[PDB]
Amino acid sequence: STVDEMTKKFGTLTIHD
Amino acid sequence: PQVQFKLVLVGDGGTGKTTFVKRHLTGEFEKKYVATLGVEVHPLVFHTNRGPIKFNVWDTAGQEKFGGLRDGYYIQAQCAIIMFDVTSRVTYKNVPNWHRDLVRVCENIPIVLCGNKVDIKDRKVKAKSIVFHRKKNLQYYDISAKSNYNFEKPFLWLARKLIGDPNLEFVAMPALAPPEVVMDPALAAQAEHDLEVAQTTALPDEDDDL
Amino acid sequence: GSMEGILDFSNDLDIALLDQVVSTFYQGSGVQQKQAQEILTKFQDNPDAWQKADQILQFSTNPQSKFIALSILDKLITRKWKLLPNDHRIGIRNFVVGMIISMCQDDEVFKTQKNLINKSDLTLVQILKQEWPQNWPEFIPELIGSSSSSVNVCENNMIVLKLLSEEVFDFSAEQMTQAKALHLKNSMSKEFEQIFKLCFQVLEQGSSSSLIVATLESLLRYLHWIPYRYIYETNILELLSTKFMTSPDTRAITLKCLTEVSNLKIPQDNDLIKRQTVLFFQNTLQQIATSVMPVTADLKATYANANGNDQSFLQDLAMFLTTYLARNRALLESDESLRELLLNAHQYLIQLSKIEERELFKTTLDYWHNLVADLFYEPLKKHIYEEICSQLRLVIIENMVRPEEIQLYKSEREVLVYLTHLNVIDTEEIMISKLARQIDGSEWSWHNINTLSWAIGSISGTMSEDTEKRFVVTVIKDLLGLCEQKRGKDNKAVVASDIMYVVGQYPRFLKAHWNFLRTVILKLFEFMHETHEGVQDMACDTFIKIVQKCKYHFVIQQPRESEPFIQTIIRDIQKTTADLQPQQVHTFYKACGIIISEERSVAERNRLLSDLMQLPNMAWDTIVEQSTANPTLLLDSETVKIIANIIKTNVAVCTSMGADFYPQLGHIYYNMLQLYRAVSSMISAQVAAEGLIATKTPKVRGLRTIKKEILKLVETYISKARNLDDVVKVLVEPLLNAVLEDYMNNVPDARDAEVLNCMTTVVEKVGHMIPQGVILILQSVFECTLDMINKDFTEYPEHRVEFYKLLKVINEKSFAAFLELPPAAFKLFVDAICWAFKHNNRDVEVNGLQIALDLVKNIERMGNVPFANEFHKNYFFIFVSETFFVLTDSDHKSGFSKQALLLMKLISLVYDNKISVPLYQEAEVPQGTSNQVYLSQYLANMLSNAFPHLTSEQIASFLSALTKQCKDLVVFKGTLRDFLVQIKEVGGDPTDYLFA
Amino acid sequence: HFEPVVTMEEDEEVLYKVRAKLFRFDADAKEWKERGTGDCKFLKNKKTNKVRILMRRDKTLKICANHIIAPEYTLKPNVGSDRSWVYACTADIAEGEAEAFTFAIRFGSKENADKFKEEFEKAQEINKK
Ligand SMILES: Nc1nc2c(ncn2[C@@H]2O[C@H](COP(=O)(O)OP(=O)(O)OP(=O)(O)O)[C@@H](O)[C@H]2O)c(=O)[nH]1
Ligand SMILES: [Mg+2]
Ligand code: NA
């Protein structure tokens, strides 16, 4: 679950505000 | 101007001593190897935050047959650049020799060791091998007269040691408002002619990035 | 005008006119200075100029004139000295000794004219090299005798003895014969008892700092060669480590002396020497702590401020501590009472390591590597250095460098990987808490987050898998939080790059966690659409970087996935790469190629290959249909871009797939070679219409790119090809007909050097299977390329280089192609090889000598047949004399070894009677004459004419020795180097060649 | 109270900035020589409304181009480049005193070179006024 919650945060990574 | 220092540039023939200086004087890149006969003195000014600094650059001859006065050129030099070629192992083997003759005339001066031609893909004198500077207290810089990699560095370092300020930086020289020169009929002929030859002589190194 | 008077040697030299010319040079400028320079040079090079030297040295008041007088004398002494009459030799010795003594007596001149004094000493030292000790046996006793009287003379005699030691022991190898080096070395070694006696007395009785520095400066040079007993069995270690570390004028030189002491040859099993080696180190550190700075001093701030000679001193300190501790730290690790000394010296190195100076940092990092390696392997050591190592972790992390600065990065990573193993818990802590200080903003900057990322990625695969997992998740969570926190897409891009940098460095984690790997790759595909500077490159770099490491996880079907992910990448390949530049697309395609190579089912790999090449094959086919039916469309520059990108895309895939690329190559091969011909026609047509300037135009350079990328694709494939039957049967014959005639029949400026490069790879891989094709290659490119490059050494640099590679590999692989050359054409082959000898360009020089050497081996391998017999009668003495010419002209020193090897091989053939024919022609020598005798006779004559100042004895001796030594290579080289010294001077000793 | 612890481009606005390499034609030889590489700026003076080219070299920051974008100058193409312009300059003061040059200036791509020619002509339309 710790790896999966991290994977989900990674999904939303963006360069824009 | 009044604050000026004599610099001696020494090292094997072909290493790019003159090319390096010409790049600093005019901005150009000399492709041809035309050996220096003895020495050529070239005045070279930099603008710094502590006023302007000038180097009298004695560009000396690396080949032995064109060597001229040899260590006669080193007398009362206040700093030096020892140059070699990272593509040619023998130029780095001769660095101890160039240093020997230099320090015997110039006992106590700031010296930079420069490994030129690092732009070349097949490098022969590896970074790992370059250690001669350590015990002799020389500053070392990988440079390239072609790519301008670290080309400012040797002069910046020497400037700092000679003036005695480690925070000395180079700065933008003052840009005066240029003139509004209207052109006359009497120069229109030779400008017309010179432009015809220019357009129809291709620019060097079109594969380069800029 | 008046300045060219001194060149008129028919009159007495006007000394005031010399000083004008000398002043004008050293103090003038512009035209004035440059005219004076050429006249000083013509004066100095005048062979008679030395006669007017004692004239200058007594009459002139200018030191610069006197310096040039000594420079002219110095030239005579090293080169024409034994040619002089014996009264001149004594006369010159007398006024060099007399001038030196004269200048030392006068305190004004002794102080102010250091440059002229030191040059006089060096000029004296050249005389000693000629005359001492055989013709000056009482030099050393009379030197030591004068040193008691005048302190100035004593100090100057230390400078002389320093320079003497240098020229005998440090700089003799190049500049003297082996026999003369040994003579001077034994002669110095025999009288050193008396010299050390003087130095040690001067160092104890120590009245004068300039004298003491001069003595310590000489000592430094003695330490390169003297036996350890002079250091250990006298009191001199106590003096160096205590007395001379206190005073700052002596400190610098003393530390360099102790640095060299630490490298002395020492018996490794004697407990008094071990206590004595501990003692001097203990003292030296004690003086630093109380006289210079304590262990807690911020040396980063000191060095940066650059006062006095502090930077040189701190450099010397690093050198001293590293040198000693590398050799001797074992002596301090077992005693309890030496533990503080051990750790204090290491703490100084920790503080030295914080200094902002790349080259210094490198020096200390070599030591840190040495240590942590030893702590990783050696039992029971690491616990001693737990506190030193913990600080080092911070020092290395805070100074981490980008991977692109290859070498400094490698050393850092190595050290950091050892320190991570030694204590994983501490490393993780230090890295995480540094991350928290990026989040809180105290240490926040673009540079600082980048260095931490490079540091975190450097220790990959060192932690346990289970610890790594927790560490990476924590690091990635925090970096994601940092991106979301930050504002302005400059800041966001720096962190996104670092996030993606770090995940790229942990493939083991990506391998274990498919879900996460998939997210990272899809995120990179979103980043391939960002216009912001650097982002698309970073996305493509990271993609192929992940792909290289985790290849298997793309090519197989994962759990809960309908297909292997390679298929999913290929389907949206148009959409994914739509906003990328052409070179970035090629990297994408190259990456896709790596993955496809892992599929070992042939049907599937070929299917994936054709799927991957879909867009470029559909673009290709429509261009072929267009431009074959009407070649008018090939003039458009936009079509030329599209075609070059298709070929470049093929090169990129072929690079990563190699032998697996064949089915794609087969799809385009024949149409591609037809395109090559069509493009060639346009280039030749444009050249006739526009002139040689056409080759510079964007129009023609575009077309030439097409040809070059076609040549590059084929070269790339054949270099890696596994099925050589199909290379010969299908690829070769079409390729040769397409490229060879076009090359030959273009003007030199339109010839692509890549044609040569391509052919080299063909001859390399399959030359042995195509003897008729290799003959075709020579006929088409040999003579016409040789004519481009045989006028000068500069023009057509790439062609020149690739030309000798091709001849090299032909001479190795299909030597029979040279046999079928007409005799006239085979003569040009020999001419071309020797032409390569004379190049300064190392690429050409090395192959020139290599070809020459292999040719000789190939002719030898034929044995007693008429081609090999005719080859020796025609070309043996050409290679011998052409090799000798480059060995002895002082402009091809870089090629010495392979020159020597080639020369030995040529000589060994005659010594072993391997040439089965008279090298001499009809009636030139008596009938019953061996090649050995005629070889000695030919060379004796050759050298006599090339070097007329050598005696017949010098030459006959040299050759007798050289031919004896033609089985032992390094000895042979020794004899050659002796000959290179002797040709630079007159009256060299012929017995020097018996040195064995 | 506690006492505390005790270029000449100011008057100008940046209209266009592009990265470029500048050459001068040495008429005596038959060759171009590099003069500098860096940011080439178009600078409108707030007093006179006069636009000039200012181009400095990287790192040393020495001036390698300093002249008015005069209405009379015309940008010609070079034979060996699709991303370059060449033109006569009657007075440049990058070295010190005014002096005539045949300049050529090459950009990263054709698209930049085209935008240069557009902005260059816009500058000339200001200097006629
Ligand atoms: N690739 C590359 N070539 C260089 C560089 N610097 C110089 N060269 C080449 O070196 C050749 C000769 O350089 P010079 O400056 O004449 O060398 P030098 O040391 O002045 O020669 P001497 O005057 O004989 O001492 C030229 O053809 C240059 O093209 C460099 O940074 N990179
Ligand atoms: Mg030169
Ligand atoms: Na890394």
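Numbering starts at 1 and runs along the chain as it is shown here.
If you check the header, you will see the structure was determined by X-ray crystallography, 2.7 Å.
Heads up, the Cβ atoms here are built off N, Cα and C, so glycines get one too.
Neighbour density for B:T18 (GTP binding site): within 10 A of its CB lie 22 other CB atoms from the protein chains shown. In the three-state DSSP scheme, B:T18 (GTP binding site) falls into the helix class. Under the heading GTP binding site, Swiss-Prot lists B:12-19, B:30-36, B:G62, B:116-119, B:144-146, citing experimental evidence as support.
Look at Swiss-Prot and you will find B:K65 tagged as ubiquitin cross-link. When secondary structure is read from DSSP and collapsed to three states, B:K65 (ubiquitin cross-link) falls in the coil class.
Cβ atoms under 8 Å from those of the region 'Switch-I' (B:31-39) belong to residues 13-14, 17-18, 58-63, 66-69, 73, 204 of the same chain, restricted to positions at least 6 beyond its ends. According to Swiss-Prot, the feature region 'Switch-I' maps to B:31-39, an assignment based on sequence analysis.
Remote same-chain residues near the region 'Switch-II' (B:62-78) are listed as 5-8, 10-15, 17, 35-39, 101-102, 104-106, 109, 162 (criterion: CB distance under 8 Å, separation of at least six residues from the stretch ends). As annotated by Swiss-Prot, region 'Switch-II' applies to B:62-78, with the evidence given as sequence analysis.
Taken from Swiss-Prot, the feature region 'Interaction with RANBP1' applies to B:205-210.
Summarising the annotation, Swiss-Prot assigns site 'Essential for GTP hydrolysis' to B:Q63 and lists experimental evidence as the type of evidence. All protein chains included, B:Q63 (site 'Essential for GTP hydrolysis') registers 14 other Cβ atoms within 10 Å of its own Cβ.
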Residue, out of the binding-site residues B:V34, B:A145, whose Cβ gathers the largest set of other Cβ atoms within 10 Å: B:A145
Integer Å distance between the CA atoms belonging to B:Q63 (site 'Essential for GTP hydrolysis') and B:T18 (GTP binding site): 13
Pairwise CA distance, B:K31 (GTP binding site) versus B:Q63 (site 'Essential for GTP hydrolysis'), rounded so that it is a whole Å: 18
Tertiary neighbours of B:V118 (GTP binding site) (same chain, Cβ under 8 Å, six or more apart): B:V86, B:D142, B:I143, B:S144, B:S147, B:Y149
In the chain carrying B:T15 (GTP binding site), residues 6 or more apart in sequence that have Cβ under 8 angstroms from it: B:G62, B:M83, B:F84, B:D85, B:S88, B:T91, B:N116, B:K117
Filtered recorded positions, from B:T15, B:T18, B:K65, B:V118, B:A145, whose Cβ is under 6 Å from an atom of ligand 2: B:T18
Residues among the recorded positions B:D12, B:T18, B:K31, B:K65, B:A145 that border ligand 1 - Cβ under 6 angstroms, in sequence order: B:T18, B:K31, B:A145
Distant-in-sequence Cβ neighbours of B:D12 (GTP binding site), under 8 Å, six or more positions away: B:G62, B:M83, B:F84, B:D85, B:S88, B:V90, B:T91, B:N94, B:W98
Sparsest-packed among the binding-site residues, when each Cβ's other Cβ atoms within 10 Å are tallied, from B:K31, B:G62: B:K31
Helix, strand and coil totals (DSSP H, G, I; E, B; other) for the region 'Switch-I' (B:31-39): 0 helix, 1 strand, 8 coil
Between B:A145 (GTP binding site) and B:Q63 (site 'Essential for GTP hydrolysis'), the C-alpha gap once rounded to whole angstrom: 20
